[PDB]
Structures are given as C-alpha cells and as structure tokens.
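One structure coming up, written as structure tokens, with questions to follow.
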Amino acid sequence: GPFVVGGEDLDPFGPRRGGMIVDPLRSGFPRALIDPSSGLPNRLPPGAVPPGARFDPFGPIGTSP
Amino acid sequence: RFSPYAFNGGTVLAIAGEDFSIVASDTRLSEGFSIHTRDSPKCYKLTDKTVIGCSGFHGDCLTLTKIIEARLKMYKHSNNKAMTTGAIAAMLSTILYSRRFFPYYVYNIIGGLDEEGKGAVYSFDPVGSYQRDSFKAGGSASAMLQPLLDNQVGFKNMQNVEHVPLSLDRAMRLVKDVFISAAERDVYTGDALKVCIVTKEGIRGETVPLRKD
Amino acid sequence: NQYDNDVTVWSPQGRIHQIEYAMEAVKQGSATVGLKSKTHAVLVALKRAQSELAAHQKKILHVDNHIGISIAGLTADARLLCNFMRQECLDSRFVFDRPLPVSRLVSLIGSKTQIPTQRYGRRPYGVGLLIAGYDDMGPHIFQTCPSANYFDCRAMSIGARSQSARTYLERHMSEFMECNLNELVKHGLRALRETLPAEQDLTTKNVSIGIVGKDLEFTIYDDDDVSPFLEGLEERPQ
Amino acid sequence: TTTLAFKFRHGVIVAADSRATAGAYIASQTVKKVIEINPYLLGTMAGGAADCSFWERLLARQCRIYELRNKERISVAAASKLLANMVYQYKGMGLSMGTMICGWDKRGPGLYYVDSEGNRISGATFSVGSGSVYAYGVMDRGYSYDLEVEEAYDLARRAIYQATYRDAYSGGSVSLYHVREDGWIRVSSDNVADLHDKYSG
Amino acid sequence: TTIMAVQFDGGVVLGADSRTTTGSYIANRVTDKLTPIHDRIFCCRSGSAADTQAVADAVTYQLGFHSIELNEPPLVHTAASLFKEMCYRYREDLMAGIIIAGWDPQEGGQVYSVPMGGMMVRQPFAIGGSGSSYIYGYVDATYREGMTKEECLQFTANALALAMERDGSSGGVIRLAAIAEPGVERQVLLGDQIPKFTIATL
Amino acid sequence: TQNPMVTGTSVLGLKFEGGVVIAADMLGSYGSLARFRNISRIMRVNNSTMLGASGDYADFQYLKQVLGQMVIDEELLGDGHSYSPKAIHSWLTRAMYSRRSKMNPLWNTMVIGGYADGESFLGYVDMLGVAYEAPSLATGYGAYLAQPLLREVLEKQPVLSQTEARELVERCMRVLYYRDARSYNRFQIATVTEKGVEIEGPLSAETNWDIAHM
Amino acid sequence: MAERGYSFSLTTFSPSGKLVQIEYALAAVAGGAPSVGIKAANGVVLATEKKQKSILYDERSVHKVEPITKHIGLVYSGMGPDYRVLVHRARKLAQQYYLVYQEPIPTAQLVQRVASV
Amino acid sequence: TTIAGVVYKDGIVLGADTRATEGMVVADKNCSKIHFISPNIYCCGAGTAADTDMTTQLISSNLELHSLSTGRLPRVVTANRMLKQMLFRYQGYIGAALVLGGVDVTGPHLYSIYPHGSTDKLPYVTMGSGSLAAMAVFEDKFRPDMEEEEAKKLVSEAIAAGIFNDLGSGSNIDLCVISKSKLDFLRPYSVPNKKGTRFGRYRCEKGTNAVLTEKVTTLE
Amino acid sequence: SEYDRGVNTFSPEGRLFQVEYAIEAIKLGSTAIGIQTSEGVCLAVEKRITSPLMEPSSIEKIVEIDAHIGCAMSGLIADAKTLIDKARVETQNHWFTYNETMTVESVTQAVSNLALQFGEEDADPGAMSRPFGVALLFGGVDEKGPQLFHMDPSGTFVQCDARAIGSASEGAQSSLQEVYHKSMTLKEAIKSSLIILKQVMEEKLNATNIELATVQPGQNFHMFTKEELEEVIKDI
Amino acid sequence: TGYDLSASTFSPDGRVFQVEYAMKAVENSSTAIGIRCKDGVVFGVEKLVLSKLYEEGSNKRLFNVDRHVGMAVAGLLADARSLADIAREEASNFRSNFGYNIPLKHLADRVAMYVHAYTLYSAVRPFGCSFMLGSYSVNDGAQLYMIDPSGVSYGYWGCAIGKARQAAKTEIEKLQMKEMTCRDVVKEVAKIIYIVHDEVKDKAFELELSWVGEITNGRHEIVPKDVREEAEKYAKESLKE
C-alpha cells in the first residue's frame, strides 16, 4: 500500500502514484492507526471528525466498541 | 485482516566529517501510543569502520541487521578481508531490492570511513535506492531535522558565512542539540540519545538523556 | 578385486575398501598437529610447496570466531566441508544468537560424511580434518575421518609421517594440560618437526599456526607472525 | 523529475534535474539521475530511483559480459532491447521506470526511450518525467539538428530550468552530459539558483 | 446442534440432538452426531458436516491402523491428539468443533474438547454446538463431582432438552451413549421420553 | 492463523534480584465468552527458562510442543550445552518473523523469563517478530493497565526483591481483574530462580467493591 | 532404500538383429498351459486347461479366463501374475475408453492398447 | 428439479421429474435424471448437471472396476464413500448433489450426498427446487416397511407435488424400483402434463422462403 | 575397459582415477608460462599451429577474465571455455553486488570450486560427467599487487611466482627456477618467458607462433600486438 | 561367482551375502551387552581405547534415543550414529503425532523396518552395525530389544553383540535376572565385560555403563560415577581369585 513509488514522478496525471523515493510515512502509512471511537461505549458516525481537526482519542488503541 | 508491518518510531542521524563519521539515534521503541521500552538503540557496529542505523518496523530491522552480519562474515571468509563502507552500501542496496515486492520497512543510514580515511555517509530508501551524502536524518523526525542540518551544516540560505570545515566537537554539539529539539517536537523521539563516533582510532559510543514524556 | 570399486559393496571380510582408500588419501597429505591446554587449542600445520617458485598451500581455514580447522587430503573436499561448517555456524548464530558448540558441529560433519558411504555412485570425502574450538565446555580438539567417524582428542596428528608426531604427543600429553600459550605452541611445533627429515627444518615459509582460546578468537599466523613462536625452539635433538 | 535527451550533429545531449521527492517532502536535491552505465553508454532515472538504478546496473553487468564474450562493445539498440526484455518480465507488478539509453555505436548516435510498460522507441528528442511537458515545449521551440555544441548545452539547460520552474517535483541542479563518438563527457552541474540568476538577470 | 459429554467414575456419557439444518429448513431431523471412532472411543461432531465427517473418517482410519500396529487398545488421549493435529493443521480450511469421549484401561473415562482452531483440553464435561450457549449456566449450577452413570445420563438429557427447547438449530431426538469397561450402551430419547419443562405463562 | 479462536489475555513479567516472575490468568476466551477457565498459559521450557503467552491458545500449544521437543533433543545430546533464555528468545523471534513473512502468523505475544549464570532475562516476542528485553513486561491490556505501575515502581526502586516483585504482580493482577473484561480472577504465578522454575496456582486477588455504595 | 529404477533397456538388439529377451519370453509362453480360441459364426469360445498340482487347491478361487468388459474376455498362456497385471491394465484401459466415448471399447482398440503396453 | 427416494420393505424406489430449464425457459421436456451406477445401484442428480453427469460416470466406472476385481456385487456404501471423498477433496467446487439408492447383500440403502462431501443415510430423501413439497408429501404419508406398489404411489405423489408446486419442475415422472431380485426403470411412469391440442393451423408451406444460393453435394 | 569403474572411485593410493587421468591429459597441451614481478604479471603461451591454412589469430589461449585479470590455459581448450565464462560471470556478479573488483585469489577459488563437481548418481541433468582437462594460469593485479595463480582439475590452486604448464612444463620450470628472481622487472620477465618458450617450442618463435599478455598496476589487461611481439623477439 | 556383490541379488542357495558381510563387520567390533531385570535395563559396553591421545568418553557407543530409551551399538560407528539419528527422529515424530512417548516395541519395529529397507536394492548398502534398545516405563515395565543388520528385531532378557558374544551369552545365562535389580545387574554386567575382554589381543578398554529403570525414574542415563567405580572394583576383584 504505502510502498508506492514512481507513479507521480513519471506523469502528472494517471492512475499511478508515488514519488522517486519510497517512504511509507510520506505515502499514508497508518503510523499509529487509532479508531476515532476508541474509548467510547458506542461507535462514532462516519465523518464525525473532519480531517485536519485537532482530535484527542477518547482512549488507547484497542478500546474500540 | 492481518498487517505484517508496524511503525516503532526512531530517528537516525548521520554526519560525515573530514576524518570522522557520527551515527546517532534515540533509544525509544514504541507501537501506537505506547512505549515498548526506553532502551532500544538503533545503531549497530558492523566493522571497525562502519556503523549502520536502522529505524522503522523493528522486526525488519532485527532481521536486516542479522542478515548484514551474516553477509559480512561470509565476505570475510570468501575474500580474506573485511568489507569496506561502499561495499557494504552496495550489498545492502542489493539486499533491500531482493525484497522489492515485500519490502523491509527499514530506514537505513550507513556511517563510516571510506578507503581514503574520509567520513562517508550513505542513506537508503526501503527498496535500496541509496546515494552518498555528507549528512542525513532518517526516521520519524527526519523532516524536522533535515532542514536544520541544511541550514547549520550545509550553510544553506545564508550569506557572508565562511564554509569552515566541520569539526568533531561542533558536530557532536549540533547532533545533541538537534536531537533535543526533535525530542521536544516528535513524540517518538526521547528517553536517550546514543551517539557512535567512527574515527581511525575505532568506534566510540556516547549516551545523552532526553525527556521521557 | 571385485569389492574395491564401489562404496556400497561389502567385502567377505566385513570391510569397505573405498573408505580405506579415502583414508589413504588422508594419509597422503602433509602432516598437521592439533593440541589443547586448559584454555587454548592450537593447530600447527606443515605446509607444502609444489615448487621453489610456488607459495605453500593453505592448510588452516577460518570457520567461525571460535572454530578453526586444519585439512589433510583432497583440497576440494576440504573446501566443501569448510563451506558446510561455515553455513552451519552462521545458521546457529542466526537462529539462536550464540556460537554453535564444537561437538554438535562435529556431529553434523559426521552425519553429512556418512551419507555418501552408503549410496551407489557416491564416494567418501577424501579429506581428514583437525578441528580446534572453544566454547562453554572449554577448548576442544577433534579429528574427522573419511569413514565419517570422529574422535575427541587431547592431541592428534594427521597426514604423512604423523606417527612420530603422535609418539611425541603421547610422550608430552601429561604436560600439555598446564602449559601456557607459548609453551603449547612450542610443543605443537616440536611434534610437527618430528615429522620432518633431519635435513629439513621448520621455517617461516612452511609453518602455519592457528590459535583459539578463552579471550582470543581464532587467529592464523602464517609468515611473519610465526617467528615469535619459532623463536626459542631448540635445535633438533637427533 | 525532468530528464531530456536529443540528437544533433555533434552527438547526444543528456540533461536531468536532481530532486527526489517522497510525497510532498523533498528527500534529496543531489540525485544523480544520469546513470553512467559504461564509458560509452548513458541512462536516465525517472520513476522509481531504486528500480531504475537496479535494472540499469543489471544492464551494465550484461553489457560488460557481452563485451567480454564477443570482444566488441554492445550497441545502443541491443542494450535498449536487453533492458526492455528485462523489464517486460515484471510488467504489471508495480515497477515504474522511464529511461533513455544514449550512446554512440557503428550506426552513429543512438537514443532510445524505454519504460517499464514495455515501450522501446528510437527517436531524435525525448523528455521523461513529471516536468517533461515544459521541457518538451522549450526544447521543441529551440531544437535544430544543426545546433552548435554550446547552443545545445544552453538549450538543454534552459529546458530543464523551465521544467523545474513549472514543476513541483523538479529542482536542485541541472546535470549536463554530452555523448560523443569516443564516449561521453560530464559537461557541468549548475544549481537552479545560479541558472535563475543567469536567465532572469 | 448441541453436543455434550460428561465423565463419571467408570466412564463417560455422550449426548447430542438430531437436527441438521440448511438455513431454516431441517434437512435431517434424525441425524446421528455420535460417531464411534473405536470400540470405546466416540466423538461428538459440530460445525460443518462434511469437515467433521471427513476428519472423523480419517481419525478412525489412523487410529485403527495404530491400534493394529501396537496390538493394544487405543488411548482416548491418542484419538484426541489425532483430532487436534488434523484440526490444527487445517484450521483455515476446516470448520469442526469436536468432543472426544471414551474409556481407557490406563486412564478411565475421559472427555476431551477440540474446538475450532485446534486446541485440545481435557474437561470434567464438555458442551458444544450453537445450542450449548443456552445451557452454560444450567451445567455450571447443576454439575457435581461423583455423579453415577444414571445421574450423568439424566443430567445430559436435561441439558440437551433445555438446549433443544431454546435453540432453533437444535431439536429432534436425544441420542445418548454410555461408555465404560464392559462396553458402549446407546439409547434414543424421543416423544415423551425427552425431559419436559413447563413454559411459564401469565 | 488469520482469525484467532480461543485467546488468552495479558501476561505480565517482572525481574527481581535473583530471578524473574511471570503471571497470567487461567482463562481461555471464545470471543466474549469465558469458555475454558482452567487452562495454563505458562509453560516451563527448561530448568532456567519459562514462557507465558497471550493470544491464540492453539498456536501457543503448537509452540509449546515444538519447544518441548527441542529441549528434549538438546538434553538427549547430553554434551553439557543447554539453551539459554536468550537463545530461546532469539529462536522465538526467528520463528515469529518467519511465520509473519509467509502471511501465516502465529497469533501470539509471548513473555520469556529466565535466570542463567546469575543474571535475569525478560524477553518479549510478538506475532510480527518485534522483540526486545525490558525489566518489566505486560502484553495486551496489561500494557496499558499493568505496565505503568511496574514502571513507576521500577523508577522509584530499580531493583526489587522477590517478595516486593510478587506483591507488585498481585496488585497488577487485581487491577487487570478490575478493568479488563476478558480477564478472570483465577491466575498462576511462575518464578524462575537459581533453584529452577516454580509455577504456583490457582490464585485469586482480593477485591474491593465499596465504590458501589457511592 | 532408493526408489529409483534402472534407466537403461534390458532388451537390446543382437548381432543377428534379434531381441533375445523377447524370444525367451516367447519360450516362457510356449512352456505354459495350452489355450485354445475359436471364432464361430455367432461367437467366440476361449478354452484352457487349469490342472492344479494337488487336490488341496481351490479350483473356484483363481480363474484363468477373465472378463474385461461386458463383451470382451481374456485367456492366457505363460506366467499367471503377469496375466493378472495385464488383466488389470486392460480393464483400466477399457474403462478409460468408456469414460471418454461413453460406448463400450471395440475389441481391436483394446487389443491395440494392451499391445502398446 | 424434484428427485426423491424411499426405502420400502424389500428395496428402493427412486423418483424424478423430467424437465430441464436454462434460467426461466424450459430447454428439455424429457430429461433423464436417474443415472446408472451399478446393476443394483442408481443415482438421482441435482446441481451443476455436467458435474453430476461426470461424477456419476466416474464413480460408475470405478465401481465396475471394483466389482470386476472382487467378483462380487457392488455395495452402496462403497459408492457413497467414493462419492463423498471425491466431493470433499474438491471442497464443493464440483456442485453435484445426489440421491443414492441401491440394494446389496446388506439390503436396501438410501443416501443423500451434498457437493461439499457430507452424506446422510435416511429412509426417504428429497432434493432439488421442489424438494420441500415432496418432503411434505413424505412426512404426511410415509410409513416404514411399505409394499412396492405403495412405495411407487408415494414417490409418484411426492414427485407430482414437486412438479405442480415448483416452477423448476414439470413434465413426466420417472421411477426406478430396485430390489434384490429385479430392477424396474420406468421411464416415463406418469404423464400428468401434455401440450394443449391445436385450435388452428400455422402458415408453413413449400416455397415460402426466399433462397439466395443453393449447393447440393451428392453422397455416394 | 573404460567402464569397469565409476567416475568417483578412489585408487588404492588415495587418488581419484579420473582426476589423475585429467592431469595426464594436461601434459598433451601446449606450453604456457606465467611470471609474476613487482611491476606486473606476464603470460606467454605457445600457439602450436598445425597447418599454414589455419589462421593463428583465431587461437585464443590467453583470455581477459576482467580488466585486471587474465587467464592462460593449457590442455583441452573447449573444456576451459566454460570455466572462463564462469570466471567472467563471477567477476561481474561481484562488481554488481559490491561495486568493486575481485581479487585474483577469489576468482581462482571460484573457478576451482567447479573442478570436482562431477558424478553420475545424485546429479541434475546437464551436470558434468567427468573432470575438466585444463590447467589455468590466472594472472592479475589487485590491491595486494600483481599476483599469479595456478589451477588444475584436482581443484587445488596455489600462488606462484613463476610457473609453466603444458607438455614442456618440466624443462620450462627448471629454466624458470634459474632465471627468476624477486627483483625481476617486467621487461626481464617477458624476455625470459620468450627465451624459455623459444627453447621448448619445436618451431621457430615468431610473432604468430605465440601469445603474450601483461597486467600492470594502473593498466588494464593488455595483449601484445604483432608489432610489439616483433620488437620483443628482435633481440633475445 | 558374482552372487555376493549386490543386496538385490539372491544366491543359488537363497542367501543375500551382502547382509552376511555386514553381519561379519558387526562380528569384528567390541562386545556390548544388555541385561533386563525386574525393574529396568542395564547396558555395558567394552569400549576399546585405540589411542591414548583420545579423550575419555570419545567414540561413546551408548546413546539416548529418547528420554526413556537407551541404545547400545556394535559395528561401524558412523552407521550406528546414523541409526541413532533415525531412532531419535522416529521417537520425536511419534510424540508429535500421538502425543505420548513411543513404546519400545514400536520404535524397535520402525527402526528395524528402516534397516531392512537397506537390504533390498543395489543402490544402497546394508548397515554394518547391530544395536540394542532398552527402556522402562510404569505401564510397560522393562523391555530390551536387539536389531541386527538384516532388520530382524527380537525382545531379550539378556543380549550380547560383538566380537565375543557367545562367551558373553554363556556368562549372562548364569544370572537370574528376572528377580534381580539394576543395582546388582550393573555389577554383574561389569563382571561379564571384564571376563570377556581379551587383555592379550586388546591393550586397554573403558567400561561404559548406562541404565534405565525405576532407580532412574524411567530415564535413560549414564550409570553414576560412584556405582560405576563400585562395579569396576567388584569386577576386578572377581577376576582375581
């Protein structure tokens, strides 16, 4: 997944994506993937947290309902 | 499903001098929002002149370091001599590309001395694309530390500044300061800084504490 | 006769002649001596030169940081065995992160060398090894044979005219144990010199020394590193 | 990435930028995107740096073996065909390479474009990379087979400079190579800031 | 499906319902889910019918060959181990929860549970199938140490009747098997022989 | 293993002066159901090594069988060499990484405790091949609930006695029973010292429920 | 133990151009029990002698005349176990032919396949 | 498709409808769904028709080889074991479901075999899209140890219920009666459905069709 | 008479019969001489032309393994072709993997590891049925300076200051023992090699009867041209 | 002539001479004996010291096939080591498959079948060793089996293999082993080994003793040094008169 390389370095438009150098951290690697609903008795609705907004997890990873 | 990868943090920095090479890393191993351990250095001594730093998926780092050790022993047996820093870099590039379709999630920086005695630094992408550099930061705080090394070591975006050759003491101070800043701003960097200094007199290790929060 | 051409053919006397011929192949090689003290294991090999303008053939090889061997017999067979042992040691260090015990390596060598002696179209390994190692059990001297049999030895010599060396080792085995490194190497050198004719003397050209110990990795002294060990050796008693 | 190569009366001019990007982050500004395969053969990097470097190193090994076996240097067409056949076996597996094989052989100057999709076309002028459209425009406006050597150098430098100006994944310095009958030469390596001073000023 | 094996001093008591369903349609209402693996070893099958049948056939084959070779009666632990090995080697391809119960000259009555995944554990009693969830509290509150064979049969019949009443995938008749040193005794409970519990009304 | 079926909860490890202590509850859960309440998740490897595992119990049984066979073979050789806790840890790391690289992982997180040559060993291996040593360990939910307390005590007092280590382990077990829904109040405590490996159980923790009246 | 067989032919040409192993197999056949086959206008009769060396044998246990299909029969002269092997192979070949073409194999086709074996 | 079978006091009665459909269109009005396995064993098929045909043919060939080797009458248990092992090792990719019935030295046996490899030994079984109507008929009227005529009537009633209550079944009723002394392959056994008689005539005469080119080849 | 024994049977003296027979086969080849000096390595081989209609330029008894390694062969040249190809492939593989040049010793070891890989049973199709019938003289310049190596089908390889292989290897080696010394220059080595070749060759030495190549520090493998050979043979 | 070159060839008399030659090779080795008593099995090997340079315990002819199974060998030592590896693999596989320790009879049968597999083809050579298997368990008691190069396996009360096995058998027959214990059987085995050894023919030997039984809690192990010294002293004093 995040190991994509050379797609965007060869053609500005096209299905292929990726730069010249492989870097999962720069290609949407989950890093610490936490559910927004972690630490909650109920699951959050889809789109509750807008991307780019300051979010504080309600609990650690693994406490998702 | 099943994910064969995980991000365990860790920043690796290397600076090549005129007669020295420095490889530095933090000693914090993590996963998600937790800390696995506070003493897990990312620097490994390969030969008397070469030190490698590996960050990323920790299982891949362990396997890759063990494979590199085995290959160095094989080379010493087959050729009756130890590998050079450039030979190690080329071999590591081949090893990383051998897993092109299931890559090692490792950020590799090789720091040491070349055949002329000058400091050599090699930076690797996970599939083996590498080049020789004078300084390089890799890992979770690479984007934080690289511009500062460009400004301070490369004297970039500066005018009326003499390009004085980098000395060992100044490089050590700079490495300590940049890792202090990284520990300030990066959540994966902290709990210690381990510095390996590669000179013609051997390899010297040093430890500097960082903040634990 | 008709029983001496195949390794799968027993003789009416209960013997296999191809194995004995491979033992003769081992006996054809130049003499080497292995001996150990309480803390060190030493291999001294008498190298041979094809001509006056040819370098003396390598006889001591690196296997691991704690294991080295000296060969006598077919050199290609020796290289095959050395590669197998190196791979086994590397696998041990990769899987368990510890040096492979010497006895287990020797058992693996014997198991590998037994297989060709029982299958049609194969031949015994025509090389004999002296193995010097150090591990948690201390120093070890081992001898392997083309018959796939191996021996744990206090001291041993294989190759041409090794009987005199074995006699000297028999004489001085009582004091081999408490010797220091220099004394042990001198004992090994005297045993090796016992294999040489009177007109021939030990020199820096035809002597190779391999040493492993508690605080010392396996090291080979070949040409100029041999002179300190050669210095102090008395003249041949005749 | 912007790499260009064109043939003219005095050989093949090869130019490239030196910026490598990881997402929106500039990983390196000093990448050697022109690969010196041999003293007579050149290659270019576009797409995956590791892919291009590895497969052109394999091509260099193959060319050296060919020279040893046949006691004669491989041709540009044969080298490009070898690279194309090598990369066609992994088609659809994710390799991203766009390269130009440039050299001089018994047929004169040679210039082939080879990509991981399987294309292999000989041509006069080529441009590969994300900034290849701008370089194409500038080069086509300024190209002629009868160009002088200094004029060809200026054209290649200007085209790469404009491509780096308009493309976000192109930058660093312009590396210029000239392929002649007796091998190639590394002409220069000029930083984009110096070129901006020379051109705008 | 509800299956149940209980151990008493002289041996074991096995029980199962007889309903096989394809969705909500009962394809076989008189199914026999108690499979004899050897003379004194039975197995209770739950999950995929094809997987359990194939595994039981293979274990019967292997155990018969092993017993013929050794000229000795097989151990219940050996049958459980064969089931466990087969169910663990193919845990991704099989859907089989097995209960192995039998009698041994060396060990007496034994109940082994091999659930999906391929783990093996010895228990005083075991329950499996989709209907076993409804009777966990009942067997927890009702089981006691030292029950005789008749008490074990009554306990198994009661638990199976409750599970069949509550579970839609369970029903039909109750098949019981008692295994001891003298041999194996089998019986079928149907109609009014099945224990009755009155429905609470008003 | 793609989908673990019967799983074990957190396993704790703690080094003290003279050996290591390892604790794990005796429950195997089938999802949310507490199905097997008398299983042992701690194994004795040899006279100097013990092992406790979380995750799929069938995979743990397979690994127990393989490790026991390895120990049997090595003792059959009888040449004076025995596997150290570090060697067992390295072999486990290699096996887990090999399984992960084939997309057929052993769904387990194991704690290796040992005492050889007068020094304690505590090792962690997960299903992905991530391994490290630490003075204290806690897998699963214990990494969030039990590890902070052990780390706090070790930060105040780096070296603990056996009694203090056992008391801290009991407190961590009580906290895990309070706050972990997949845990049980019936656990084992295994200790390795110069005298060997000793496994104690079943044990229960004393619980307070006076906040129910608040 | 080694499961490999000999990869060289045991039947080879002689200086006179004869395969003597085939001639010796023919001698083995000629030393066998008599067998007779007669094609009549409306059928074929296969006859052979089966005289056991003792009365302790069970005459009803081993049959020298064997059916291959519902319309093909076999009888031999020579070595019995070889005949058993060829009978098994002929039955398998006929069943394969029926599986492919869904009609019973003609006698000529089965004869050709057995001769090929 | 409606296939059914019962065990009566002296043997096996198998029944099937003779309609084959491709989607919602009837392709064959007289389809034989009862397959020969051995002179004493027959099989009714459902599912992928080609899979059923090939599986029944292969098992019949193997049983013929087995009976030729042993010299004895084939057993229904042997056919059941072969079928279930072959189906299981393909993990249901061979979508053949079968009603297997026959009489041997042990008596009459009836099996239902499913594509994944699971079998059931029952006194009466139904299969196909009309299986539930036939099963209702069986559960309403079946009694153990029926006579041959009563069993034939019951199987015909079950197949008729499947035919008249399922859109995938129709046409005629085929019966296979197996006992230790005889085998009765009744095709057809009943004809409950027929084409309606013509009320008029269609226009179809010589010369109605225009022809561009014509080529005639004389066969000697 | 030649099939009484397998390819891997020991003699009562401890020698494989086939290896000894290959050693015997070597002695039928043309003489080749290698001399190693501090200034480089020189290789000289007798071409041994059979007919004047033959083109001597097609005989290649000296080959370039790499830019810094050369090989002289004696015996069955068709057998040496595959060994030379293996050596070239090994050098290129080492360059690919490590971005450096092989040492002469490692190349000789890699070639010698193929010598005993023969046998009938337990062999893949296309495996060697017999040992090679060639002796190889490997001369090159690496970080340890110029070096000369000798290889034989027994699998043994040694470093040599000056060695001769082929039919006249006995007389040439005795001549090599006298003329050679450590302080020898490259020109002296070439002159002595040509003198010994002229002594041992049946035909008169000329620019077409012989091959001569040199490897020196800072210079690639260089095969002498006809004018250079004419210059060297001018005064001997 | 030529009927004795392959194990896949019968002699006109109906003999396989290669197996007989392997047995002859076995008959040239030193003597190892094993005695079964009412509570265990004791093994004793007359290990010849060919050279004084060899370490003590070198070329040991007693093996631990399993935790409960011991092996005493005679003949070619490399073949014996390969057969010990085969027996170890068989025991490990049995425990892996069926989940419990292999019975000694079953292990003996498996290893004997493996040995017999080498007496049928020209591609392989019959094993040049014969060995004994001893074990003890609560359920099965003491068991002792011997396997010869032909692949024949029998259970024994007292067995001897090697150069002097008829004299060793005569010495063993004087023992009422069915009522003795391992403690006395160790001394008796030592005495028999010292009796059958040839001082004139053989320069020196080591006495290798091992046992499995209730005194060892069902484990096969080397007889402890104290008991070994007592047994050696008793054997020497019994040789003297």
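In order of appearance the chains are A, B, C, D, E, F, G, H, I and J, and numbering begins at 1 in each one.
In this text, a contact is a pair of C-beta atoms (placed from the backbone, for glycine too) under 8 Å apart; a residue touches a chain by one contact, two chains touch by 3 or more.
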item	value
Centroid comparison with chain C (C-alpha atoms), farthest chain	H
Chain pair showing more contacts of the two, B-I and D-I	B-I
Rounded Å distance between chain C and chain J, as computed from the means of their C-alpha atoms	31
Whole-Å gap separating chain D and chain H, where each centre is the average of the chain's CA atoms	72
Chain H and chain J, separation of their C-alpha mean positions in angstrom	67
Numbers and ranges of chain E residues touching at least 2 other chains	none
Touching two or more other chains - residues of chain H	none
Residues within chain B bordering two or more other chains	5, 31, 34, 94, 125, 127, 129
Chain B partner contacts - residues on chain I that touch it in the complex	96-100, 103, 105-106, 109
Residues on chain F engaged by chain C in the complex (per definition of touch)	77, 79-81, 83-84, 86-87, 90-91, 94
Chain D partner contacts - residues on chain A that touch it in the complex	4-12, 16, 18-23, 26-27
Interfacial residue positions of chain C with respect to chain F in the complex	94-98, 101, 103-104, 107, 135-137
Chain C - residues contacting chain B, complex	62, 86, 90, 93-94
